[PDB]
Amino acid sequence: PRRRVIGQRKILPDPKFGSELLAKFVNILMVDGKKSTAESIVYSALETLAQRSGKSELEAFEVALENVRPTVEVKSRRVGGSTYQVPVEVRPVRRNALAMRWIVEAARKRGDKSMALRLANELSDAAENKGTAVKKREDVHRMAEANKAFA
Amino acid sequence: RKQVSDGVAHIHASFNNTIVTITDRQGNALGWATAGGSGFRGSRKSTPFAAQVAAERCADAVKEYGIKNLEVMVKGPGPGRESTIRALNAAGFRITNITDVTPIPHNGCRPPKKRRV
Amino acid sequence: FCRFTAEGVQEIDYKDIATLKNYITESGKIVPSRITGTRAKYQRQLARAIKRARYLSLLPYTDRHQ
Amino acid sequence: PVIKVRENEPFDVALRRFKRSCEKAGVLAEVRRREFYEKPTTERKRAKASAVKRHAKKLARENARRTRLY
RNA sequence: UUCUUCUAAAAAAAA
RNA sequence: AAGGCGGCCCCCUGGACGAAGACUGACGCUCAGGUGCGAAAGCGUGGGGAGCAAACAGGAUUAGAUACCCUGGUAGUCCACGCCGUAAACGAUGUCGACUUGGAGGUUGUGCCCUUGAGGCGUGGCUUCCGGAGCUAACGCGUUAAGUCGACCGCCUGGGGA
């Protein structure tokens with residue numbers, strides 16, 4: 001806000017793998033405070049992702065995430081009479097937040113039976129460089145490219 | 001395409017657009033490109049990035065003449081006052097002389113009236 | 001810090017190109033009095049001399065006219 | 001404002017020298033001044049106002065140099 | 001860059 | 001004197017200021033009526049017309065847009081000779097003269113001391129800002145007065161109508 005930049009709050013890592021960003025992922029995925037249900041969904045999705053990828057769950061999750069992380073995004077400035085979408089580079093924490101949020105919102109729109117299956121399919125397509133999440137990534141990249149003139 | 005070693009680069013940098021034109025030492029144009037013709041229109045085409053892209057397009061459009069040395073004549077005020085010069089240096093040309101050729105009258109014709117915005 | 005009042009010269013001679021070149025910029029413009037520190041009377045005389053030289057083609061009007 | 005790049009000299013410092021030479025010679029200000037027509041009354045009033053500010057700031061500095069702020 | 005207008009009724013203290 | 005006057009050169013020409021004297025000897029100041037000069041726009045006659053630009057046309061903005069913004073564009077702006085005689089023609093302060101503390105400059109002469117370098121000490125003309133007494137409703141004016149006086153002229157008597 002205006003006066004003080006607050007200090008970053010700590011998050012304890014997930015029990016099964018001890019990862020910080022995976023714990024962040026389950027926090028993003030959770031709805032109505034049901035962390036246990038969210039944990040079951042992500043664990044099932046990772047366990048089937050391990051089979052489809054042949055790699056460990058952490059490495060597969062990370063390679064799937066890397067194809068969804070943006071590097072530049074547009075932010076409104078409006079110094080002129082119209083909306084100026086200025087492309088600004090994205091810091092890593094916000095990059096991870098955007099990637100995880102896009103993956104979750106894409107999985108919530110897929111039409112598969114379970115959320116675990118939806119998330120597993122979305123992660124596999126993301127690793128395979130396909131899907132609406134990476135489509136959103138290319139769209140924001142294309143917008144930042146088209147508006148690259150302002151800096 | 002008769003090869004030429006050294007040339008002159010005229011940058012007509014106006015407020016609404018910029019024109020880059022490479023030529024021989026006698027003033028016969030070889031190629032040209034503009035920010036308005038480089039896929040930018042309106043607000044975008046009056047920015048230094050559009051100007052540098054226009055400079056790159058013009059430098060690419062004069063490759064067949066094999067120019068190495070280049071002296072620059074800059075004319076007019078604009079955002080693309082120096083970005084085009086940077087893009088020309090980065091395109092592989094040896095900038096020898098930089099000159100400003102902006103025309104200023106010695107109290108000649110009467111300019112148009114002031115815009116009441 | 002006016003050189004002309006230091007030498008106490010009666011009037012500035014327009015044929016003295018060697019001294020006149022020190023009071024013009026590379027673009028051919030006249031350097032302001034407040035910068036070069038010349039007294040106003042000699043500044044006017046200097047301006048008249050520079051214009052007379054320009055008419056006589058001893059000095060350039062601008063650096064670009066060729 | 002002619003600037004001829006000398007041997008063993010970077011392009012960026014050459015560009016900086018050209019920019020410095022241009023702002024010394026005052027071409028940008030001159031073109032922006034002559035972009036539109038300015039009436040004799042307006043330019044006289046503007047020069048008068050400019051002189052007033054150029055004298056007032058000097059006097060203001062002279063008064064502020066005496067007193068203290070704490 | 002554009003961004004107009006609000007009719008017609010109020011009351012206020014006195015060593 | 002005011003309106004106003006900006007490249008350079010020549011011809012004709014008005015006013016102002018400085019230092020030493022010499023000269024005429026109140027010849028002076030103001031001025032109703034009168035006369036002359038008087039920005040810009042406009043008019044007549046004859047030229048000239050690049051840029052700018054009332055009117056006008058088209059394109060935008062808008063509910064509308066006979067405007068602001070954009071693209072063109074005619075009188076006009078320019079020259080010669082007359083007419084018009086008006087402006088926030090302003091310092092919103094009529095002209096002339098005398099007296100009343102000062103400071104920092106700008107511009108233009110001129111005298112003295114060793115110009116012991118572009119130094120120091122005076123004395124005139126024009127002009128900018130600050131400020132003391134005093135004046136003023138206040139803001140401010142303040143030796144270039146709106147201070148203290150004298151001579152003459154023009155003008156004002158509630159707002160609207162005007």
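For the numbers below, each heavy atom of this structure counts, side chains included, while hydrogens, waters and symmetry mates do not. First the proteins, then the strands, lettered A, B, ... as listed; each starts at 1.
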Looking at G111(F), is it paired to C121(F) in the Watson-Crick or G-U wobble sense, both distances under 3.5 Å?
-> yes

Is the base of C96(F) syn or anti, if syn means a glycosidic angle within 90° of 0?
-> anti

Can you check whether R115(B) has a side-chain N or O nearer than 4.0 Å to OP1 or OP2 of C70(F)?
-> yes

Pairing nucleotide - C83(F), Watson-Crick or G-U, each distance under 3.5 Å = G42(F)

Please confirm if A138(F) pairs with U61(F), counting Watson-Crick and G-U wobble geometry and requiring both distances below 3.5 Å.
-> no

Looking at every strand, decide which applies to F1(C) at a 4.0 Å heavy-atom threshold: base, sugar-phosphate, or nothing.
-> base

Starting at NZ of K113(B) and ending at P of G76(F), how long is that distance when rounded to a whole Å?
-> 20 Å

Would you say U95(F) pairs with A151(F) if a pair means Watson-Crick or G-U wobble with both distances under 3.5 Å?
-> yes

Write down the distance separating the P atoms in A26(F) and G21(F), rounded off to the nearest Å.
-> 25 Å

Measure from the side chain of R110(B), starting at C-beta and using heavy atoms only, and say which of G51(F), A53(F), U108(F) lies closest.
-> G51(F)

Nucleotides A57(F) and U71(F) paired (Watson-Crick or wobble, under 3.5 Å) | yes

Expressed in whole Å, how much space separates the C1' atoms belonging to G4(F) and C8(F)?
-> 23 Å

Name the orientation class of the two ring planes belonging to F17(A) and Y43(A) (parallel below 30°, tilted from 30 to 60°, perpendicular beyond 60°).
-> perpendicular

Check the surroundings of atom NZ in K21(C): do more than 12 heavy atoms from other residues, nucleotides or ligands lie under 6.0 Å from it?
-> no

With the threshold set at 4.0 Å, does a side-chain nitrogen-carboxylate oxygen contact exist between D60(B) and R57(B)?
-> no

With syn defined as a glycosidic angle within 90° of 0 and anti as everything else, classify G117(F).
-> syn

Phosphate oxygens OP1/OP2 of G106(F): is one of them under 4.0 Å from a side-chain N or O of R34(C)?
-> no

Interatomic distance where CZ belongs to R52(C) and P belongs to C9(F) [whole Å] | 5 Å

What integer distance in Å separates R116(B):CZ from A65(F):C1'?
-> 15 Å

When the aromatic ring centroids of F4(C) and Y23(C) are compared, is their separation below 6.0 Å?
-> yes

Would one find more than 12 heavy atoms of other residues, nucleotides or ligands at under 6.0 Å from atom CZ of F36(D)?
-> yes

Hey, does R54(D) reach any base, or is it just sugar-phosphate, or nothing, if we go heavy atoms under 4.0 Å?
-> nothing

Taking atom P in both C3(E) and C69(F), what distance in whole Å separates the two?
-> 14 Å

side-chain contact (heavy atoms from CB on, under 4.5 Å) between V63(A) and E59(A): does it pass, once the steps are laid out?
-> CA-CA 6 Å; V63(A) 58; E59(A) 300 153 347; 5.9 Å; no

Pair flag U77(F) x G51(F), Watson-Crick or wobble criteria, under 3.5 Å = yes

Do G85(F) and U86(F) pass the stacking test of six-membered ring centres within less than 5.5 angstrom and planes tilted under 30 degrees?
-> no

Between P111(B) and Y61(C), the residue closer to the 5' end of RNA chain F by nearest nucleotide is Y61(C)

Pair present between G134(F) and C126(F), Watson-Crick or G-U, 3.5 Å cut-off | no

Pair present between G76(F) and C52(F), Watson-Crick or G-U, 3.5 Å cut-off | yes

Based on the glycosidic angle (syn within 90° of 0, else anti), state the conformation of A11(E).
-> anti

Rounded to whole Å, the NE2-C1' distance (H55(D) to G105(F)) equals 7 Å

Atom-pair distance (NZ on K39(D); P on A40(F)), nearest Å = 14 Å

Watson-Crick or G-U wobble between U123(F) and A137(F), both distances under 3.5 Å?
-> no

Between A87(F) and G76(F), how far is it from one P atom to the other, in whole Å?
-> 25 Å

Whole angstrom is fine here: how far is it from CG in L56(C) over to P in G7(F)?
-> 18 Å

Atom-to-atom span, OH of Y37(D) to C1' of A50(F) - whole angstrom = 16 Å

Give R39(C) one of three labels, base, sugar-phosphate or nothing, depending on what nucleic acid heavy atoms sit under 4.0 Å from its own.
-> sugar-phosphate

